[PDB]
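J.:
Residue numbers (the deposited numbering), protein chains in the order written: chain E, 257 to 506; chain L, 6 to 106; chain H, 6 to 217; chain C, 413 to 557, 565 to 612; chain A, 413 to 612.
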């Protein structure tokens, strides 16, 4: 890990040359040495505030909502120094952490990054106050290249299908919890008795990974089938019959 | 908190024998036998008499008898007391109070 | 119809007002749908039992022919020595979707009144006519417990499906076309400060070349 | 009072500060003092403190992780009861709804113009949190089998003792700690019923 | 521009003008002319003008106090019947919803191109308002005093029986300027038809 970090005390011109210093070593390690680099750009929303100070230092006019007009280039200059090439077997992967203010996705920092990047991961506040530790919301967060990234040659054969079912059973799990408060806990349906216990096991056992608990992709899908031990066979409509017969009985 | 019955002659002698009748000498009897020579007004007031009483929970009445007092029970659109339509020995239950849907 | 003043912090307030009214409909939609599903299967239970009592009231009234044909005439004896009731009602309370529901409970108590009736001729064609009409009144209080349950649901599904259609067609399109007004009124001030700031940018240059 | 997270003096503040006690105006309309609302407020200083907590106050961290749970599980249910009406919707979640009202008026409320509530020490603070969460684990298992409609005024002498713990003198050092031990064992007899 | 009164021309005007006749755009789709919106409009000449009113027209200050009030209670009850329906409404409020609707086509509507409403004098204006408010005041007593005991007036009694007197009210505005002293007599004559029917 080659960390370098810029405090709030530090000069704000150094906050612009920090992602420039980040990727130009991360594309020396990926396109001049053959490593697989992963770049983490924390506090992105604090980067565009350091772009606003320099743009208003040379006496420019502002743009939409204060941020300058060329921010879609300056973000694309540091987001699109990624991907992998054909001449070498190196690669560079970006996870830019950014905090949208006041839960507004129409803000120009989480909107102009939605046109350059490839799908979001949505940390939620309602999950955090319930005090599961990683607050990753599964419903509004999709990975765009998730289809290409998994498979039998990559990680596993049933990974393309158990991820399609865990999200789908969580979707039917959500309105069942809202149904519990509107009619009653026992008189609703015999179907919703079983989805409601999975949501207690999906929240606490699967996505409430501990602070130091490492968990491989094989250890993840083992919990992925432990939660699908519930909902006996031919309820899981998304999983095909080939991969369902192999992994579900154990 | 008792049951009322209009019915007919052969109906009311079976349901009194069932054990639903009560003779209130103060207010009124809780049943009304209808013969061949009972006016429709006598069925009309007694339907209103059973409706205004607080202790009446069910009003049993044959649909063959309730067909002429259909206009009065179509004005009763409350939940309590419940009006029930029972078959006679002629023309059984066909088309009463399932007509709300 | 516009509600309040635009152009700061009312957009976030109206986005809180919209989000509450968006799932407030969907919560009340599931209430009105579970009420209708409770109303749909209670219709068939009315249908399957209102023809079933038509057989029981044909079977028990057939026993009325099995009845005074043997033993005289039960048309003045039974209608002249009744004082109190033997089978009564108790008003219990059911509940579905948070709506209180009246239900009638069977309650036989107190005495017999036609214990000594016939007794010298008949009395076995009677008191099975009682059992044919104690079972008939046992079924008919269960159907009265659903007849007063049927019409109280259609008074609570109509005053719920209006509140669905009041939120869906009045409250939300008043909030939605208010939120489209705060956006443009923000924009008509964001280009107003672009004219005042660019006027100073030109007046800082004209004052500069006057010095040069 | 306004511009909650969209104000360039507040939006620049939240990127620097670690603790943020949001004073809410909805609680100040009902004169809830202090007016800190417990949802939008935060503290980044929860990892740096448990090394101190597991030395002195070893009981506190398992209380606070559930003390913040109860205040949110009531928050969604308050959006339910407002629309569909209080049919109480549950019994395992009704006990959470009133042990939160115990928290929002006895634990969280604090009138600073009294000679007792103007400063609460930590052993008076972790004492009230231990007692009012021991009512929450014991009445959770009590409905694993009774209903809170029985419990509410059957344990009314205990619900008065939990609401009256915030009146003790700040000079009662051992005597408030015995009172914490006294009121907790009296709930143990009632759950043994 | 666009019918928006939050405008730097209008907002700088209303700090200077004392009277403000706020016209409405919804009141011109429905042909309600003149389209003066009676809720947002105001005037600050009233306290200064009742001294004139206590000399010439000595009954009009209690008239507009109830005439503005019946238009005030109609607006709060209009939002009621568009959400929860008019079936659950009370009887002291259903009489309010009719006379305020009787005001909105008689009093406030005025066809400026016909010979009788192109210019009305002030005795004609105080004339038909002294009757429609007295009608609301008399129909107040038909619900208030006999409230529970008798099988009372449910106002469908009134609306199907007093339709000829309401036709005298709904056609009172048709007095062209060929009659001057006759209009005050007809104002008390249509009141005398309104006077006797509370006994009937």
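All C-beta atoms, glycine included, are put in the ideal place defined by N, C-alpha and C.
Measure the C-alpha to C-alpha separation of residue 484 of chain C and residue 462 of chain C and round it to an integer number of angstroms.
T.: Within the fourth chain, numbered from 1, the residue matching residue 484 of chain C stands at position 72. Within the fourth chain, numbered from 1, the residue matching residue 462 of chain C stands at position 50. About 23 Å.
J.: Identify every residue that forms a DSSP beta bridge with residue 350 of chain E.
T.: Here residue 350 of chain E refers to the residue found at position 94 when the first chain is read from its first residue. In the DSSP output, where bridge partners are listed per residue, residue 350 of chain E has E/295.
J.: For residue 18 of chain L, which residues in chain H fall below 8 Å Cβ to Cβ?
T.: As a first step, residue 18 of chain L must be located in the second chain, where it is residue number 13. Per Cβ cutoff of 8 Å: 69, 79, 80, 83 and 84.
J.: Please classify residue 579 of chain C as buried or exposed, where buried requires at least 16 neighbouring CB atoms within 10 angstroms.
T.: By one-based count along the fourth chain, residue 579 of chain C stands at place 160. Label assigned to residue 579 of chain C: exposed.
J.: Given this structure, state the Cα-to-Cα distance separating residue 490 of chain A from residue 498 of chain A, to the nearest angstrom.
T.: Position 78 of the fifth chain, counted from the start, is the residue given in the question as residue 490 of chain A. Position 86 of the fifth chain, counted from the start, is the residue given in the question as residue 498 of chain A. Going by the C-alpha atoms only, they are around 9 Å apart.
J.: Quick check on DSSP: helix, strand or coil for residue 426 of chain A?
T.: The residue you call residue 426 of chain A lines up with position 14 of the fifth chain. Note: residue 426 of chain A maps to coil in three-state DSSP.
J.: Are the beta-carbon atoms belonging to residue 80 of chain H and residue 51 of chain L less than 8 Å from one another?
T.: Working through the third chain from its first residue, we reach residue 80 of chain H at position 75. Working through the second chain from its first residue, we reach residue 51 of chain L at position 46. It is not a contact, given that the beta carbons lie outside the stated cut-off.
J.: Quick check on the DSSP output: the alpha helix (DSSP H) that includes residue 502 of chain E runs from which residue to which?
T.: Position 246 of the first chain, counting from 1, holds the residue named residue 502 of chain E. Taken as a continuous stretch (DSSP letters only), the alpha helix (DSSP H) holding residue 502 of chain E covers 497-503.
J.: So residue 4 of chain H is in the alpha helix (DSSP H); what residue range does that whole segment cover?
T.: Here chain H comprises residues numbered 6 to 217, so residue 4 of chain H is not present and cannot be evaluated.
J.: Can you list, in chain order, the residues of its chain with a C-beta nearer than 8 Å to that of residue 544 of chain C? Leave out the 5 residues immediately preceding and following it.
T.: On the fourth chain, position 132 is the one that residue 544 of chain C refers to. Closer than 8 Å at Cβ, skipping near neighbours: 511, 514, 515, 518, 519 and 581.
J.: Can you tell me whether residue 27 of chain L is buried or exposed? The criterion is at least 16 other CB atoms within 10 Å of its CB, across all chains shown.
T.: Taking the second chain and counting its residues from 1, the one referred to as residue 27 of chain L is at position 22. Buried: at least 16 other Cβ atoms inside 10 Å.
J.: So, do the segment 446-454 of chain A and the segment 423-438 of chain A have three or more beta carbon pairs nearer to each other than 8 Å?
T.: They touch, by the three-pair rule.
J.: List, in order along the chain, the chain B residues whose C-beta lies closer than 9 Å to that of residue 35 of chain H?
T.: Absence of chain B from the displayed structure is noted, the protein chains being E, L, H, C and A.
J.: Within its chain, find whatever has a CB closer than 6 Å to the CB of residue 507 of chain C; leave out the 5 residues flanking it on each side and keep chain order.
T.: What you label residue 507 of chain C is simply residue 95 of the fourth chain in a count that begins at 1. Cβ neighbours of residue 507 of chain C beyond the five flanking positions: 551 and 567.
J.: Find the residues of chain H that neighbour residue 15 of chain L, judging by a C-beta separation of less than 9 Å, and give them in chain order.
T.: Taking the second chain and counting its residues from 1, one reaches residue 15 of chain L at position 10. Simply 66, 69 and 80.
J.: Let me make sure I understand the geometry here. Which of A/570, A/542 and A/541 has the alpha-carbon closest to that of residue 553 of chain A?
T.: Position 141 of the fifth chain, counted from the first residue, corresponds to residue 553 of chain A. Looking at the Cα atoms, A/570 is the closest of the given residues.
J.: Spatial neighbours of residue 44 of chain L within its chain, please: CB distance less than 6 Å, with the 5 preceding and 5 following residues excluded, ordered by chain position.
T.: To locate residue 44 of chain L, count along the second chain from 1; it is residue 39. Nothing listed; no residue qualifies.
J.: Assess, as a yes-or-no matter, whether the segment 286-302 of chain E is touched by the segment 166-179 of chain H under the definition of 3 or more beta carbon pairs within less than 8 Å.
T.: The segment 166-179 of chain H, when compared against the segment 286-302 of chain E, does not touch it at the 8 Å Cβ threshold.
J.: Report the three-state DSSP secondary structure of residue 444 of chain C (helix, strand or coil).
T.: Position 32 of the fourth chain holds residue 444 of chain C. Residue 444 of chain C: coil per DSSP, three-state reduction.
J.: Anything in the segment 287-308 of chain E with a Cβ closer than 9 Å to a Cβ of chain C? List those residues in chain order, please.
T.: Of all residues in the segment 287-308 of chain E, 299, 301, 302 and 305 have a Cβ within less than 9 Å of some Cβ in chain C.
J.: Suppose you measure from the CA of residue 13 of chain L to the CA of residue 39 of chain L; what does that come to, to the nearest Å?
T.: As a working note, residue 13 of chain L is residue 8 in the second chain. As a working note, residue 39 of chain L is residue 34 in the second chain. Each residue's Cα considered, the two are about 5 Å apart.
J.: Which class does residue 454 of chain A belong to by DSSP, given the choice of helix, strand or coil?
T.: Taking the fifth chain and counting its residues from 1, one reaches residue 454 of chain A at position 42. Three-state result, residue 454 of chain A: strand.
J.: Does the beta carbon of residue 98 of chain L sit closer than 8 Å to a beta carbon anywhere in chain H?
T.: By 1-based counting over the second chain, the position of residue 98 of chain L is 93. Yes, residue 98 of chain L lies at the interface with chain H (some Cβ there is under 8 Å from its Cβ).
J.: Could you list which residues in chain H have their beta carbon closer than 7 Å to that of residue 393 of chain E, in chain order?
T.: Sequence index remark: in the first chain, residue 393 of chain E carries index 137 (1-based). The premise fails here: residue 393 of chain E is roughly 15 Å from chain H at the closest Cβ pair, so nothing lies under 7 Å.
J.: State yes or no: is the beta carbon of residue 203 of chain H nearer than 8 Å to at least one beta carbon in chain E?
T.: Residue 203 of chain H sits at position 198 when you count from the first residue of the third chain. Cβ-Cβ to chain E under 8 Å: yes for residue 203 of chain H.
J.: If we ignore side chains and look at the alpha-carbon of each, how far apart do residue 597 of chain C and residue 603 of chain C end up?
T.: Sequence index remark: in the fourth chain, residue 597 of chain C carries index 178 (1-based). Sequence index remark: in the fourth chain, residue 603 of chain C carries index 184 (1-based). Roughly 10 Å separates the two Cα atoms.
J.: Between residue 84 of chain L and chain H, is any beta-carbon pair separated by less than 8 Å?
T.: Start at 1 with the first residue of the second chain, and residue 84 of chain L comes out as number 79. Chain H contact via Cβ: present.
J.: Could you name the residues of the same chain whose beta carbon sits closer than 6 Å to that of residue 311 of chain E, not counting the 5 residues immediately before and after it, in chain order?
T.: What you label residue 311 of chain E is simply residue 55 of the first chain in a count that begins at 1. Correct list, in chain order: 324.
J.: Is it buried or exposed, residue 464 of chain C, if we count other Cβ atoms within 10 angstroms and call 16 or more buried?
T.: Here residue 464 of chain C is taken as the residue at index 52 of the fourth chain, counted from 1. Burial call: exposed.
J.: Exposed or buried, which one is residue 82 of chain L when buried takes at least 16 other CB atoms within 10 Å?
T.: Position 77 of the second chain, counted from the first residue, corresponds to residue 82 of chain L. The residue is exposed, with fewer than 16 neighbouring Cβ atoms inside 10 Å.
J.: For residue 198 of chain E, which residues from the same chain have a beta carbon less than 6 Å from its beta carbon, with the 5 sequence-adjacent residues on both sides left out?
T.: Here chain E covers residues 257 to 506 and nothing more, so residue 198 of chain E does not appear.
J.: Under 6 Å Cβ to Cβ from residue 599 of chain C, same chain only, skipping five residues before and after it: list those, please.
T.: Position 180 of the fourth chain holds residue 599 of chain C. Counting only Cβ-Cβ distances below 6 Å, and skipping sequence neighbours, we find 539.
J.: Could you tell me which chain H residues have their CB closer than 8 Å to the CB of residue 443 of chain E, listed as they occur along the chain?
T.: Taking the first chain and counting its residues from 1, one reaches residue 443 of chain E at position 187. Going along chain H in sequence order, the residues near residue 443 of chain E (Cβ under 8 Å) are 101.
J.: Using a Cβ-Cβ distance under 8 Å, would residue 41 of chain L count as near chain H?
T.: For the purposes of this step, residue 41 of chain L is identified with residue 36 of the second chain, where counting begins at 1. Judged by the 8 Å Cβ criterion, residue 41 of chain L is not in contact with chain H.
J.: Using DSSP bridges, identify the partner residues of residue 90 of chain L.
T.: Here residue 90 of chain L corresponds to residue number 85 of the second chain, with the count starting at 1. Answer is L/66, bridged to residue 90 of chain L.
J.: Chain H beta carbons: is any one of them nearer than 8 Å to that of residue 593 of chain C?
T.: Residue 593 of chain C sits at position 174 when you count from the first residue of the fourth chain. Answer no: the Cβ-Cβ gap between residue 593 of chain C and chain H never drops below 8 Å.
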